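Asker: My structure file upload-v6.txt, compact mmCIF, C-alpha atoms and all ligand atoms, is below:
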```
# COMPACT_ATOMS: atom_id res chain seq x y z
CA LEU A 4 -21.62 -0.89 -11.55
CA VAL A 5 -21.05 -4.22 -9.86
CA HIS A 6 -17.83 -6.29 -9.75
CA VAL A 7 -18.52 -9.80 -8.48
CA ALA A 8 -15.54 -11.75 -7.20
CA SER A 9 -15.07 -14.99 -9.19
CA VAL A 10 -12.59 -17.55 -7.85
CA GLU A 11 -9.90 -18.56 -10.34
CA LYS A 12 -11.09 -21.91 -11.62
CA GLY A 13 -10.52 -24.74 -9.20
CA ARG A 14 -8.13 -22.74 -7.03
CA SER A 15 -8.02 -22.87 -3.27
CA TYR A 16 -6.01 -21.58 -0.30
CA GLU A 17 -3.07 -23.82 -1.13
CA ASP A 18 -2.72 -22.35 -4.63
CA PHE A 19 -2.59 -18.82 -3.25
CA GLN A 20 -0.14 -19.83 -0.51
CA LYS A 21 2.17 -21.02 -3.32
CA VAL A 22 1.94 -17.61 -4.98
CA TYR A 23 2.53 -15.89 -1.62
CA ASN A 24 5.58 -18.11 -1.11
CA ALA A 25 7.03 -17.31 -4.55
CA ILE A 26 6.67 -13.55 -3.85
CA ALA A 27 8.15 -13.97 -0.39
CA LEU A 28 11.10 -16.03 -1.61
CA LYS A 29 11.86 -13.41 -4.34
CA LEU A 30 11.65 -10.66 -1.70
CA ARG A 31 14.32 -12.52 0.24
CA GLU A 32 16.50 -13.15 -2.91
CA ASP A 33 16.40 -9.80 -4.62
CA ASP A 34 17.69 -7.95 -1.62
CA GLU A 35 19.87 -5.34 -3.33
CA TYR A 36 17.04 -3.22 -4.71
CA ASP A 37 16.98 0.50 -3.73
CA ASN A 38 20.22 0.38 -1.77
CA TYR A 39 19.24 -2.76 0.10
CA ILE A 40 15.76 -1.74 1.10
CA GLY A 41 14.47 -4.58 -1.05
CA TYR A 42 11.09 -4.66 -2.82
CA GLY A 43 8.81 -4.77 0.22
CA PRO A 44 7.94 -1.11 0.41
CA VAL A 45 7.40 -0.63 -3.32
CA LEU A 46 5.09 -3.65 -3.39
CA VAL A 47 2.98 -2.14 -0.55
CA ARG A 48 2.78 1.09 -2.47
CA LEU A 49 1.79 -0.73 -5.66
CA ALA A 50 -1.06 -2.50 -3.83
CA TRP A 51 -2.26 0.82 -2.46
CA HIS A 52 -2.05 2.69 -5.78
CA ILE A 53 -3.96 0.05 -7.72
CA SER A 54 -6.65 0.16 -5.02
CA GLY A 55 -6.64 3.91 -4.40
CA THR A 56 -8.12 4.79 -7.78
CA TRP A 57 -11.51 3.66 -6.42
CA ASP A 58 -14.43 6.05 -6.31
CA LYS A 59 -17.26 5.04 -3.99
CA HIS A 60 -19.72 7.19 -5.95
CA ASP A 61 -19.70 5.18 -9.17
CA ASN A 62 -17.53 2.12 -8.34
CA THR A 63 -14.99 3.09 -10.93
CA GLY A 64 -11.27 2.26 -10.37
CA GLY A 65 -10.27 -0.03 -7.50
CA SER A 66 -8.26 -3.22 -7.46
CA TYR A 67 -10.75 -5.51 -9.13
CA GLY A 68 -9.96 -4.98 -12.78
CA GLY A 69 -6.18 -5.15 -12.67
CA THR A 70 -6.08 -2.03 -14.82
CA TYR A 71 -2.53 -0.94 -13.79
CA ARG A 72 -1.36 -3.32 -16.56
CA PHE A 73 -2.63 -0.75 -19.14
CA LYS A 74 -0.43 2.13 -20.27
CA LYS A 75 -2.74 4.97 -19.15
CA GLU A 76 -2.51 3.80 -15.55
CA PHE A 77 1.04 2.41 -15.67
CA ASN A 78 2.14 5.86 -16.89
CA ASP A 79 0.21 7.94 -14.36
CA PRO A 80 2.67 10.45 -12.95
CA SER A 81 1.39 9.45 -9.52
CA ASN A 82 2.63 5.92 -10.21
CA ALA A 83 6.24 6.82 -11.11
CA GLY A 84 8.55 4.16 -9.63
CA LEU A 85 5.90 1.45 -9.35
CA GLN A 86 7.16 -0.09 -12.58
CA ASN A 87 9.86 -1.62 -10.36
CA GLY A 88 7.20 -3.50 -8.44
CA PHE A 89 5.46 -4.62 -11.59
CA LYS A 90 8.74 -5.93 -13.01
CA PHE A 91 9.36 -7.82 -9.73
CA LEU A 92 5.97 -9.51 -10.09
CA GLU A 93 6.43 -10.42 -13.80
CA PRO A 94 8.25 -13.74 -13.12
CA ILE A 95 5.71 -14.58 -10.42
CA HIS A 96 2.89 -14.06 -13.00
CA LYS A 97 4.70 -16.23 -15.52
CA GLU A 98 4.93 -19.09 -13.02
CA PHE A 99 1.31 -18.65 -11.96
CA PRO A 100 -0.42 -17.41 -15.07
CA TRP A 101 -3.84 -18.32 -13.75
CA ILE A 102 -3.96 -15.54 -11.14
CA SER A 103 -5.74 -12.35 -12.11
CA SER A 104 -3.72 -9.15 -12.24
CA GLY A 105 -5.66 -7.50 -9.43
CA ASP A 106 -5.26 -10.56 -7.25
CA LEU A 107 -1.52 -10.57 -7.96
CA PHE A 108 -0.95 -6.86 -7.29
CA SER A 109 -3.00 -6.94 -4.05
CA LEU A 110 -1.43 -10.20 -2.86
CA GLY A 111 1.98 -8.64 -3.46
CA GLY A 112 1.08 -5.98 -0.90
CA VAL A 113 -0.15 -8.48 1.66
CA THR A 114 2.91 -10.64 1.21
CA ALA A 115 5.27 -7.65 1.57
CA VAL A 116 3.54 -6.42 4.79
CA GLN A 117 3.66 -9.88 6.38
CA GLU A 118 7.22 -10.73 5.30
CA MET A 119 8.33 -7.32 6.70
CA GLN A 120 7.05 -8.55 10.11
CA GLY A 121 3.78 -6.62 9.88
CA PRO A 122 0.36 -7.80 10.89
CA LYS A 123 -1.48 -10.64 9.20
CA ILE A 124 -3.67 -9.19 6.44
CA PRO A 125 -6.62 -11.46 5.49
CA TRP A 126 -6.95 -11.59 1.74
CA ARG A 127 -9.69 -12.77 -0.60
CA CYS A 128 -9.28 -13.93 -4.17
CA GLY A 129 -11.52 -13.39 -7.19
CA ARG A 130 -10.67 -10.06 -8.76
CA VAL A 131 -11.26 -10.38 -12.59
CA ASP A 132 -9.28 -8.60 -15.24
CA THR A 133 -11.38 -5.98 -17.05
CA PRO A 134 -10.69 -4.37 -20.44
CA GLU A 135 -8.52 -1.37 -21.27
CA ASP A 136 -11.46 0.98 -21.53
CA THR A 137 -12.21 0.41 -17.79
CA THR A 138 -8.90 1.95 -16.78
CA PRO A 139 -9.45 5.02 -14.60
CA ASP A 140 -8.03 8.32 -15.75
CA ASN A 141 -4.96 9.74 -14.02
CA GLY A 142 -5.45 12.13 -11.10
CA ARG A 143 -7.30 9.97 -8.56
CA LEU A 144 -4.32 9.40 -6.29
CA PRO A 145 -3.46 12.00 -3.61
CA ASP A 146 -1.14 14.99 -3.67
CA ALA A 147 1.54 15.21 -0.97
CA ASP A 148 1.82 19.02 -0.69
CA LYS A 149 -1.49 19.60 1.03
CA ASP A 150 -2.96 19.82 4.53
CA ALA A 151 -5.10 17.79 6.94
CA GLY A 152 -8.35 18.97 5.44
CA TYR A 153 -7.24 17.84 1.99
CA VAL A 154 -6.27 14.43 3.31
CA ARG A 155 -9.59 14.00 5.19
CA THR A 156 -11.68 14.94 2.15
CA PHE A 157 -9.51 12.90 -0.19
CA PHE A 158 -10.05 9.71 1.82
CA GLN A 159 -13.83 10.10 2.03
CA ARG A 160 -13.85 9.09 -1.64
CA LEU A 161 -12.30 5.76 -0.57
CA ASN A 162 -14.78 5.46 2.34
CA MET A 163 -12.05 5.85 4.97
CA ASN A 164 -12.57 7.66 8.25
CA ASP A 165 -9.98 9.42 10.45
CA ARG A 166 -8.79 6.28 12.24
CA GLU A 167 -8.51 4.38 8.95
CA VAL A 168 -6.52 7.20 7.34
CA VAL A 169 -4.13 7.55 10.26
CA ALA A 170 -3.65 3.73 10.41
CA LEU A 171 -3.01 3.45 6.66
CA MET A 172 -0.44 6.31 6.72
CA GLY A 173 1.68 4.21 9.14
CA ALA A 174 2.96 2.52 5.96
CA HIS A 175 5.06 5.65 5.59
CA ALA A 176 7.55 4.11 7.99
CA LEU A 177 8.54 1.93 5.05
CA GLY A 178 10.99 2.65 2.25
CA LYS A 179 11.67 6.17 1.10
CA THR A 180 10.78 9.03 -1.17
CA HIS A 181 12.80 9.41 -4.38
CA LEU A 182 13.25 12.80 -5.95
CA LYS A 183 12.96 11.59 -9.54
CA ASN A 184 9.69 9.77 -8.80
CA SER A 185 7.69 12.28 -6.77
CA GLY A 186 9.71 15.44 -6.15
CA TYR A 187 10.40 14.39 -2.52
CA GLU A 188 13.60 12.89 -1.22
CA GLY A 189 14.62 10.80 1.73
CA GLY A 190 13.30 8.90 4.69
CA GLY A 191 15.97 6.28 5.27
CA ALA A 192 15.99 2.62 4.33
CA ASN A 193 13.48 0.90 6.64
CA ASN A 194 12.03 -2.47 5.56
CA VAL A 195 10.55 -3.62 8.88
CA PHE A 196 6.89 -2.92 9.51
CA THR A 197 6.52 -1.14 12.86
CA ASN A 198 4.65 1.80 14.40
CA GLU A 199 7.73 4.05 14.13
CA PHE A 200 6.00 6.53 11.76
CA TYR A 201 3.95 7.72 14.75
CA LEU A 202 6.89 7.73 17.17
CA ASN A 203 8.96 9.68 14.70
CA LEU A 204 6.25 12.26 14.12
CA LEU A 205 5.94 12.84 17.88
CA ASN A 206 9.55 12.60 19.01
CA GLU A 207 11.77 14.01 16.27
CA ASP A 208 12.75 17.66 15.88
CA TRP A 209 11.29 18.56 12.51
CA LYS A 210 12.33 21.39 10.16
CA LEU A 211 10.39 22.59 7.15
CA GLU A 212 12.99 22.67 4.39
CA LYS A 213 13.11 22.85 0.59
CA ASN A 214 14.36 19.87 -1.29
CA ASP A 215 16.29 19.86 -4.58
CA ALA A 216 13.04 19.89 -6.59
CA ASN A 217 12.01 23.15 -4.83
CA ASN A 218 9.32 21.42 -2.79
CA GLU A 219 8.80 21.77 0.93
CA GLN A 220 9.18 18.71 3.19
CA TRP A 221 9.84 18.07 6.87
CA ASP A 222 13.32 16.80 7.72
CA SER A 223 14.96 15.58 10.93
CA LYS A 224 18.73 15.44 11.55
CA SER A 225 18.38 11.74 12.32
CA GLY A 226 17.46 11.25 8.62
CA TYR A 227 13.67 10.78 8.81
CA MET A 228 11.39 12.76 6.58
CA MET A 229 7.71 13.57 6.48
CA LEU A 230 5.71 14.82 3.54
CA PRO A 231 3.42 17.79 4.20
CA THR A 232 0.46 15.42 4.23
CA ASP A 233 2.26 13.18 6.81
CA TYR A 234 3.00 16.15 9.07
CA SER A 235 -0.59 17.27 8.77
CA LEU A 236 -1.49 14.30 11.03
CA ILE A 237 0.08 16.14 13.97
CA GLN A 238 -1.30 19.56 12.98
CA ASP A 239 -4.98 18.51 13.09
CA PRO A 240 -6.20 17.75 16.67
CA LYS A 241 -8.29 14.75 15.68
CA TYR A 242 -5.49 13.10 13.73
CA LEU A 243 -3.00 13.93 16.49
CA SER A 244 -5.00 11.95 19.09
CA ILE A 245 -4.85 8.88 16.85
CA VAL A 246 -1.14 9.34 16.11
CA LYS A 247 -0.58 9.34 19.88
CA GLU A 248 -2.67 6.19 20.29
CA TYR A 249 -0.69 4.24 17.70
CA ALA A 250 2.62 5.58 19.01
CA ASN A 251 1.66 4.03 22.31
CA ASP A 252 0.12 0.74 21.26
CA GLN A 253 1.88 -1.40 18.67
CA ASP A 254 -0.75 -4.15 18.74
CA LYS A 255 -3.61 -1.68 18.26
CA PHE A 256 -1.86 -0.17 15.34
CA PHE A 257 -1.27 -3.62 13.77
CA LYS A 258 -4.88 -4.62 14.15
CA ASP A 259 -6.26 -1.34 12.79
CA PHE A 260 -3.80 -1.30 9.91
CA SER A 261 -4.74 -4.87 8.96
CA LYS A 262 -8.44 -4.06 8.84
CA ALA A 263 -7.97 -0.79 6.89
CA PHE A 264 -5.51 -2.31 4.39
CA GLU A 265 -7.76 -5.29 3.69
CA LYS A 266 -10.66 -2.91 3.26
CA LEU A 267 -8.65 -0.76 0.88
CA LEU A 268 -7.69 -3.76 -1.22
CA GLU A 269 -11.33 -4.96 -1.33
CA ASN A 270 -13.16 -1.71 -2.00
CA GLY A 271 -15.47 -2.07 -4.99
CA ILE A 272 -15.76 -5.85 -4.90
CA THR A 273 -18.96 -7.80 -4.25
CA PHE A 274 -18.21 -11.14 -2.60
CA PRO A 275 -21.00 -13.72 -3.18
CA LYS A 276 -22.38 -15.13 0.11
CA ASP A 277 -20.80 -18.57 -0.64
CA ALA A 278 -17.39 -17.10 -1.56
CA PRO A 279 -14.50 -18.64 0.40
CA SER A 280 -13.58 -17.01 3.68
CA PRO A 281 -10.61 -14.70 3.66
CA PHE A 282 -7.29 -16.47 3.59
CA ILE A 283 -4.61 -15.85 6.15
CA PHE A 284 -1.28 -16.86 4.66
CA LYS A 285 1.61 -18.27 6.61
CA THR A 286 4.88 -16.40 6.42
CA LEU A 287 7.96 -18.17 5.16
CA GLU A 288 9.23 -18.11 8.73
CA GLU A 289 6.06 -19.81 10.07
CA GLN A 290 6.51 -22.51 7.36
CA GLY A 291 10.20 -23.07 8.10
CA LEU A 292 11.02 -21.99 4.56
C1 LIG A 301 -2.23 11.30 1.62
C2 LIG A 301 -1.90 10.03 1.26
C3 LIG A 301 -0.53 9.70 0.66
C4 LIG A 301 0.32 10.45 -0.03
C5 LIG A 301 0.12 11.91 -0.46
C6 LIG A 301 1.43 9.65 -0.37
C7 LIG A 301 2.54 10.05 -1.03
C8 LIG A 301 3.71 9.34 -1.22
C9 LIG A 301 4.89 9.79 -1.90
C10 LIG A 301 5.03 11.15 -2.60
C11 LIG A 301 5.81 8.78 -1.80
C12 LIG A 301 7.20 8.73 -2.42
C13 LIG A 301 7.17 7.98 -3.78
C14 LIG A 301 8.55 8.00 -4.37
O1 LIG A 301 9.18 9.07 -4.53
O2 LIG A 301 9.05 6.86 -4.69
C15 LIG A 301 5.22 7.68 -1.09
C16 LIG A 301 5.87 6.50 -0.80
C17 LIG A 301 5.26 5.41 -0.18
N1 LIG A 301 3.88 5.33 0.16
FE1 LIG A 301 2.59 6.84 0.21
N2 LIG A 301 1.24 8.38 0.18
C18 LIG A 301 0.00 8.35 0.78
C19 LIG A 301 -0.57 7.26 1.38
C20 LIG A 301 -0.04 5.98 1.40
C21 LIG A 301 -0.79 4.84 1.87
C22 LIG A 301 -2.24 4.83 2.32
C23 LIG A 301 0.08 3.78 1.77
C24 LIG A 301 -0.16 2.32 2.03
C25 LIG A 301 -0.88 1.82 3.00
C26 LIG A 301 1.35 4.27 1.25
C27 LIG A 301 2.52 3.54 1.08
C28 LIG A 301 3.72 4.04 0.70
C29 LIG A 301 4.95 3.27 0.71
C30 LIG A 301 5.17 1.89 1.29
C31 LIG A 301 5.95 4.17 0.17
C32 LIG A 301 7.41 3.86 -0.01
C33 LIG A 301 7.71 3.43 -1.46
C34 LIG A 301 9.15 3.05 -1.76
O3 LIG A 301 9.97 2.99 -0.80
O4 LIG A 301 9.45 2.85 -2.96
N3 LIG A 301 1.23 5.63 1.03
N4 LIG A 301 3.93 8.05 -0.78
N1 LIG A 302 7.45 10.18 4.61
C1 LIG A 302 7.81 8.91 4.14
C2 LIG A 302 6.99 8.23 3.19
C3 LIG A 302 7.38 6.93 2.79
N2 LIG A 302 8.53 6.43 3.33
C4 LIG A 302 9.25 7.15 4.20
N3 LIG A 302 10.42 6.60 4.73
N4 LIG A 302 8.93 8.41 4.59
```
So, in terms of structure tokens, how does the structure I just supplied come out?
Answerer:
Amino acid sequence: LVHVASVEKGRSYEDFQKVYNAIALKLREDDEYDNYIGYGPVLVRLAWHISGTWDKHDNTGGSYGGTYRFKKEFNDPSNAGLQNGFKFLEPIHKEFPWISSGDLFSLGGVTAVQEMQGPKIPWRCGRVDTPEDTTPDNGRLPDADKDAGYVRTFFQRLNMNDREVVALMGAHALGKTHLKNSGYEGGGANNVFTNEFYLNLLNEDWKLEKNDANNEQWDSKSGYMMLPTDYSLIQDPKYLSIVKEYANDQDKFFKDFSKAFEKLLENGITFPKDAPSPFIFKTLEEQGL
């Protein structure tokens, strides 16, 4: 099963920069969302969830087909809360109706990372909407209650190694958990992309507590929170070494995150040899906008 990237007809970098800018300007405007976190974190999560259905064994799922637009996927319990991100992107899609759904959802993630002062994430266009029957069944996204071995095995299906997994999980500095979405609560209100996930894991005093949904999570008195799967990164000796590395090297974390996140967003896609090079979008700030 082969998904060949096909550039939206006649479109070029400048077209996609316009879409980036519209997302970025709406991120700035709609600042009240989720007690003033804004939509950055939820858009990052959306990009990851639409990508994280991929299965390397058969090339099912993945970002290419834009299948999150179909009810089976939209309604996955694992996706509860992402409807907020989809509704954010609706007016962007109306303005730019030519962009494919997978391109839009993945570009939303890139835009959010960059506008939150994260690394540049190169991004390629050409995902093509596929029909409803290509939607992957629910259950491909990861559970949060499990341990390091679960996380390691889980990510092999997405062709991610230990460094890639630990880098990707640094996104858990962003936003928060919401009890009514996932059965986990808390984390604060951060909307700046930094390496603080790693620092927090290493330097906070963590307690294993039960939340109001009767699930265990790790809490600190400063207000940070780690899921069991987050905390597993300091329980496993191989993950812990990498956590330490990123805690101690912001640039290294940014570079490794960028490469893993692009990879995630591109898994499953065949780029023809004469496809455009990846685009690196300017932030609003770099444009003086
Ligand atoms: C073992 C892997 C992972 C597990 C089990 C997991 C689980 C979760 C859970 C349960 C939440 C809370 C959702 C809610 O209640 O609203 C969450 C939030 C989030 N996740 Fe993950 N996650 C994983 C990996 C990732 C990865 C790889 C990324 C992206 C690179 C990511 C990005 C985020 C973001 C940005 C949020 C905050 C959402 C918001 O503030 O609305 N997660 N995750
Ligand atoms: N453990 C997590 C996951 C996502 N966001 C925050 N603030 N904490």
Asker: Using 10 Å as the limit and counting all atoms listed in the file, can you tabulate each residue of chain A that touches ligand LIG 302 (chain A), with its shortest atom-to-atom distance in Å and the two atoms involved, as CSV?
Answerer:
```
residue,atom,partner,partner_atom,distance
A:44,CA,A:LIG302,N2,8.1
A:45,CA,A:LIG302,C3,9.7
A:48,CA,A:LIG302,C3,9.1
A:147,CA,A:LIG302,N1,9.6
A:172,CA,A:LIG302,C2,8.4
A:173,CA,A:LIG302,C2,8.9
A:174,CA,A:LIG302,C3,7.0
A:175,CA,A:LIG302,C3,3.9
A:176,CA,A:LIG302,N3,5.0
A:177,CA,A:LIG302,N2,4.8
A:178,CA,A:LIG302,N2,4.6
A:179,CA,A:LIG302,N2,3.9
A:180,CA,A:LIG302,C3,5.6
A:181,CA,A:LIG302,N2,9.3
A:187,CA,A:LIG302,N1,8.8
A:188,CA,A:LIG302,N4,8.7
A:189,CA,A:LIG302,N3,6.7
A:190,CA,A:LIG302,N3,3.7
A:191,CA,A:LIG302,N3,5.6
A:192,CA,A:LIG302,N3,6.9
A:193,CA,A:LIG302,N3,6.7
A:194,CA,A:LIG302,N3,9.2
A:200,CA,A:LIG302,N4,8.0
A:204,CA,A:LIG302,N1,9.8
A:220,CA,A:LIG302,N1,8.8
A:221,CA,A:LIG302,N1,8.5
A:222,CA,A:LIG302,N1,9.4
A:226,CA,A:LIG302,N3,9.3
A:227,CA,A:LIG302,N3,6.7
A:228,CA,A:LIG302,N1,5.1
A:229,CA,A:LIG302,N1,3.9
A:230,CA,A:LIG302,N1,5.1
A:231,CA,A:LIG302,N1,8.6
A:232,CA,A:LIG302,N1,8.7
A:233,CA,A:LIG302,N1,6.4
A:234,CA,A:LIG302,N1,8.7
```
Asker: Residue 94 in chain A: which residues within 12 Å, counting only C-alpha atoms, same-chain residues fewer than 3 positions away excluded, as a list in words?
Answerer: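 Residues meeting the cut-off are residues 22, 25, 26, 29, 88, 89, 90, 91, 97, 98, 99, 100 and 107 of chain A.
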Asker: Separation of CA of residue 9 in chain A and CA of residue 136 in chain A, in Å?
Answerer: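 Between these atoms lies a distance of 20.5 Å.
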Asker: Mind giving me the straight-line distance from CA of residue 65 in chain A to atom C8 of ligand LIG 301 (chain A) in Å, one decimal?
Answerer: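 Between CA of residue 65 in chain A and atom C8 of ligand LIG 301 (chain A) the gap works out to 18.0 Å.
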Asker: Taking into account all atoms listed in the file, which residue in the set A:38, A:184, A:15, A:114 is nearest to ligand LIG 301 (chain A)?
Answerer: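 The shortest atom-to-atom distance to ligand LIG 301 (chain A) comes from A:184.
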Asker: Tell me which of A:158, A:42, A:209, A:19 sits closest to residue 237 in chain A, counting all atoms listed in the file.
Answerer: A:209
Asker: Restricting the calculation to all atoms listed in the file: of A:150, A:32, A:61, A:132, which residue gets closest to ligand LIG 301 (chain A)?
Answerer: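 Going through A:150, A:32, A:61, A:132 one by one, the smallest distance to ligand LIG 301 (chain A) is for A:150.
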Asker: Between atom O2 of ligand LIG 301 (chain A) and CA of residue 145 in chain A, what is the spacing in Å?
Answerer: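 Atom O2 of ligand LIG 301 (chain A) lies at a distance of 13.6 Å from CA of residue 145 in chain A.
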Asker: Using all atoms listed in the file, pick whichever of A:111, A:125, A:134, A:43 has the shortest atom-to-atom distance to ligand LIG 301 (chain A).
Answerer: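 Result for the nearest residue to ligand LIG 301 (chain A): A:43.
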Asker: Which of these residues is nearest to ligand LIG 301 (chain A), using all atoms listed in the file: A:208, A:135, A:165, A:37?
Answerer: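 Nearest to ligand LIG 301 (chain A): A:37.
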